[PDB]
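Labels for the chains are A, B, C, D, E and F, by order of writing; each one numbers its residues from 1.
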């Protein structure tokens, strides 16, 4: 996540990157809920997506 | 004066830092016996700072703790008073009291039975103990003494005392959960005899405090390593009536403990049994029980 | 006597006429007293032994893995005082470097001087969760208090923190994890541990640890204050082979401050002006009180030390822990 | 040519010339190549004009 | 609905434990499964969440308890020594002691300023 | 019609605008942290602890200086 934020700042098209990272993280969240692993993982990816959002 | 006697003056003054600098000194001869005796007075007067220093110079709690020394620590009216008297009356009558009746280790054991509830069938009511107690009324030295000191300070309401024996001991998560069950049920008996609400709220604060000291104990164990954390939760505790941290926690009703991630994963891995599919569950399990050919296409753990 | 003991308490060969007997007292110390109880295993070793036997002992017979650093704690032998925050930043940096490199801490061992600051440093790093750090001490046998308590083969002997204020004998630090007791046969005399400690630190640096990123096992020495013998042991490491870098921890006086005032104003070693060098010998012979007859010789040792300035890293307090300087010297003295 | 200054004098004058450019909206002619006075004012704008 | 989910996770323990500790065939067929269990302890007699653990294993579990009790109380301490009430506490005593100690210094420095003019005249 | 394909130059303008927003955003964030109550209390606390050390040092030095000046008066 922190590596992703450093990549987020340094670069360009960051609006696109931000919203795409949001979708990818929320998607990984419901897929990992669909595998019902650690709900810390689902919650982690979900908090991730809320942050990039 | 001799420094044992001058120590008991310091015990009264409650001036422990003057006692650890001058009363404790290089070459200061402590006659054998007085150091342990001053320890006993420090417990019954609720001098938790003084027991911290007297174990700091070393009292070797395994060697101090004896069946009769701990028994006097159960009958001492000196210090902060309690609710045990009432709690023994319940137990004596249910099995079948004069005020001079000096309580017993087996006698509080049957009390522990009443409030912890269900099983929690303690060592004090194991038949092996009733024969050592019969014979005597490092064999008489309790094996992991700090447990016995915890149950005591929980029953005789002594909180900063109790939290001390919690950190210094073993079976750490178990001790918290047992303390939670013992406090909550004493809080029930407070309102059952509907006495002063002061004891009922105080034990219920304490049941909450000794309560949370379980859940972040589990929480930061999960941060350490996931495996050994679960190994703790399912660890069979001989001293706590051959049961587990989950069994004590549900007997104490500590949902947060059975709702933190680590316990839930354990529970989910039991609903799997010895199979690993998950994903679209509910429907796939129904198709397996209706088609014994169709179970051959489902994965299994190694 | 010449050995310092009582005339009837008996039972190098120069004036002491010693005979070389097998070792008898080795085992484990149960530290009762001083807060937490800590087990510290001890072996009496003669001062003229081979270092490879102590290495075989410390590897196989002691269950201690080879560290990635050898932080030595050579310092003032008499007891001194420091700033509280300076001792705090010192202890925090020492324990942080000790966890990051997994080092063995070669503290002196008897509870007087910089050893007392190391034991207080381990009070900050509770180390009740990672005490694997071999805080191996090198103190002489004849100087420890209650020598009769530590006699016994494989016996967990009680050792109280009883330290008589008028006794010449000094109790060991109770929070060290290990102990090596250098026995030359005498009692109450220094210098029995020094050469054995030198050859074991060189023998640890002799071993090529499996990484050997720079090379060998990297040894870094720390100095806090000290006598003129601290300037001498600085001259030992700062021109050693392979030249071992030293953090000369400042803010403390005695040797380290004179070394720092040299090092801040030395340029290319002997390139210091006469002006501040005069005030240097004033403080060398008046503040540290070391007589001027040898303070000229302290010029020549100090300037010969600045001949290799670079390895002598200073540290100052004022966040910015000493572990910066320890890792910096670790990367200097590695090749 | 390349030189160096005291850090307090470099910070006070360096903060001064950039907060002239804050208010006046001026144009700042320089040598352009990072050596000496141009290297000092490059670090001067990187001092507090990069945070304003 | 304030609580919800937590009560559910509690009801899971009662569920998972009870359905585990039952025979295998369903209610009309449990008869057969009893007679399977009975025949199991008539041939092994007449003629889940409890890992019986080993000693070396309780040695590392008790050690894991003893490295999990201390780091916590460290967090309890730091939280307090970084909480914005105790940070304002330790400012105010330190500023108080800075009041008296700078009080000493300015009053004493006035003797030293007197000593400057004293040495000017007497030397 | 909400997809206005841009000429590449004007696209570069759009990028450089967006880069400016990135920089000012993070700068504001740094202002929001360095001017929140919490961090101000933290920095004041640490710095006062430094000041208290260094004032104690000045007091000890003052003692040495005062004694020295008295000795100079003794030699005068």
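Observations
Heads up, the rule we're going with is that contacts are C-beta pairs under 8 Å (C-beta built on N, C-alpha and C of every residue); 3 or more make two chains touch, one makes a residue touch a chain.
Taking the mean of each chain's C-alpha atoms, the chain whose centre lies closest to the overall C-alpha mean is E.
Note: centroid distance chain B to chain C, computed from Cα atoms, is 45 Å. Mean C-alpha position of chain A lies 30 Å from that of chain E. Averaging Cα coordinates per chain places chain C and chain D 49 Å apart.
Note on chain placement: the centre of chain A and the centre of chain D lie 41 Å apart, centres being C-alpha means. Multi-chain contact residues of chain D, defined as those touching 2 or more other chains: none present. Two chains count as a pair here when they touch; such pairs are A-B, A-F, B-C, B-E, C-E, C-F, E-F. Interface residues of chain B, counted against chain C in their complex, comprise 26-27, 56-58, 60. Those residues of chain B that touch chain E in the complex are listed here as 167, 170-173, 216-217, 220-221, 224, 228, 231-232, 234-236, 244, 246-247, 250, 253, 255-256, 258-259, 264, 266-267, 270-271, 273. Across the interface of their complex, chain A is touched by residues 15, 18-19, 22, 26 of chain F. The residues of chain C lying in touch with chain B in their complex are 32-35, 37, 160, 162-165.
Every residue of chain F that touches chain C in the complex is listed here, in rising order: 46, 49-50, 53, 57.
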